[PDB]
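What follows is a single structure, written as structure tokens, with notes after it.
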Amino acid sequence: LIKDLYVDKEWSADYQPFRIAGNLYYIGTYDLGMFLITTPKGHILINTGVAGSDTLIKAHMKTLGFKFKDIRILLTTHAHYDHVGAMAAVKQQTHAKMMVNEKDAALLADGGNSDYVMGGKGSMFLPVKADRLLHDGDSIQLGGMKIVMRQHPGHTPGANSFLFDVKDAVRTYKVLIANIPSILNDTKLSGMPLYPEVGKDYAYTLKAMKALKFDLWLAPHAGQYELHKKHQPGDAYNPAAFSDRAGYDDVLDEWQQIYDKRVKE
Ligand SMILES: [Zn+2]
Ligand SMILES: [Zn+2]
């Protein structure tokens with residue numbers, strides 16, 4: 029692996045895990061979103077953090093009263109090292125099935141060495157082989173849960189969001205775990221040498237994500253959905269803290285204006 033990878037202090041900073049809505053729990057760090065969906069047949073994990081975050085995931089699950097080794101399915105929003113850095117460790121420890129967007133499978137399996145921005149300098153994370161390759165609209169089912177993957181390419185070719193219903197004592201909530209279409213500085217939207225369709229994909233994703241319908245949303249980075257303005261440690265259960273259509277439209281509109289200006293460079 030590449031030595032001396034950048035880690036933001038907020039990526040590794042501990043955060044009190046909590047129940048978001050129903051059987052969906054937050055088990056991530058101050059900045060990095062890691063989501064646990066619990067079922068009678070085992071659990072789904074969406075994302076790790078950086079390498080070493082398997083320890084925090086195991087500890088957070090214990091705090092909530094769940095066993096790490098009951099994770100049966102592994103998912104990611106996109107195959108960058110801040111979201112899959114501990115994915116190989118988690119798969120080795122749990123024997124969970126890795127299910128990945130077909131468009132990110134090669135990137136996940138080569139540890140990021142093919143990354144269209146950060147590649148060619150060796151592995152940024154331990155590689156993971158896919159147990160199931162996912163396509164736009166594919167469903168992931170376990171213990172009564174149905175998760176739909178939507179392809180939201182650009183940030184990586186295989187970047188994707190997940191939509192699913194959770195039930196509590198009161199009502200059903202449709203949750204979106206949204207991969208926000210952020211554009212890195214080094215990206216040329218007319219086409220990148222290892223990703224010629226990058227700008228066409230980002231354009232597609234900005235329109236596609238605006239069209240989604242849901243009750244609650246979260247994202248892989250706290251700042252993208254203002255986690256720490258919506259939630260403080262010890263807050264009473266309150267799913268409505270994550271009802272925020274205005275903030276979702278505002279983040280997508282900001283990225284659409286960046287896209288529009290960067291195309292004109
Ligand atoms: Zn990323
Ligand atoms: Zn990230």
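For the authors' numbering, add 28 to where a residue sits in the sequence shown, where the first one is 1.
No residue lacks a Cβ here, since even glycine has one placed at the ideal position from N, Cα and C.
- DSSP places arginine 290 outside any beta strand (DSSP E); the residue lies instead in the alpha helix (DSSP H), whose first and last residues are 273-291.
- By the neighbour-count criterion, in which 16 or more other beta carbons inside 10 Å mark a residue as buried, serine 218 falls on the exposed side.
- Of the other Cβ atoms in all chains shown, fewer than 16 fall within 10 Å of the Cβ of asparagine 213; this residue is therefore exposed.
- Note on the region 202-256: whole beta strand (DSSP E) runs with a minimum of 3 residues are 244-246, in chain order.
- Pairing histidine 106 with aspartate 132 gives a Cβ-Cβ distance under 8 Å.
- The residue from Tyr253, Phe94, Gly186 and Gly70 with its alpha-carbon nearest to that of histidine 108 is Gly186.
- Within the region 45-97, the beta strand (DSSP E) runs of at least 3 residues that lie entirely inside it are, in chain order, 46-49, 52-54, 63-65 and 71-74.
- Annotation: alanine 117 to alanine 268 spans about 34 Å, alpha carbon to alpha carbon.
- Secondary structure note for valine 118: it is in no beta strand (DSSP E), and the uninterrupted alpha helix (DSSP H) holding it is 115-122.
- Rounded to the nearest angstrom, the gap between the Cα atoms of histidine 180 and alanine 236 is 8 Å.
- Shown here, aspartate 132 sits in a helix according to DSSP, grouped into three states.
- The three-state reading of DSSP puts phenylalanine 153 in coil, since its state is none of H, G, I, E or B.
- By the beta-carbon neighbour count (other beta carbons within 10 angstroms, threshold 16), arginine 178 is buried.
- Going by DSSP, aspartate 193 is part of the beta strand (DSSP E) stretching over 188-195.
- Looking at the DSSP output, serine 167 bridges to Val176.
- The straight-line gap separating the alpha-carbon atoms of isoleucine 74 and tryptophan 283 is approximately 24 Å.
- At least one heavy atom of ligand 2 is found less than 7 Å from the C-beta of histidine 249.
- Under the DSSP assignment, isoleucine 99 falls in the beta strand (DSSP E) whose first and last residues are 99-103.
- At least 8 Å separates the beta-carbon of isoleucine 48 from that of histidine 71.
- With a threshold of 7 Å, the Cβ atom of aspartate 214 does not count as near ligand 1, since no heavy atom of the ligand is closer than that.
- A direct Cα-to-Cα measurement between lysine 228 and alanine 158 gives close to 26 Å.
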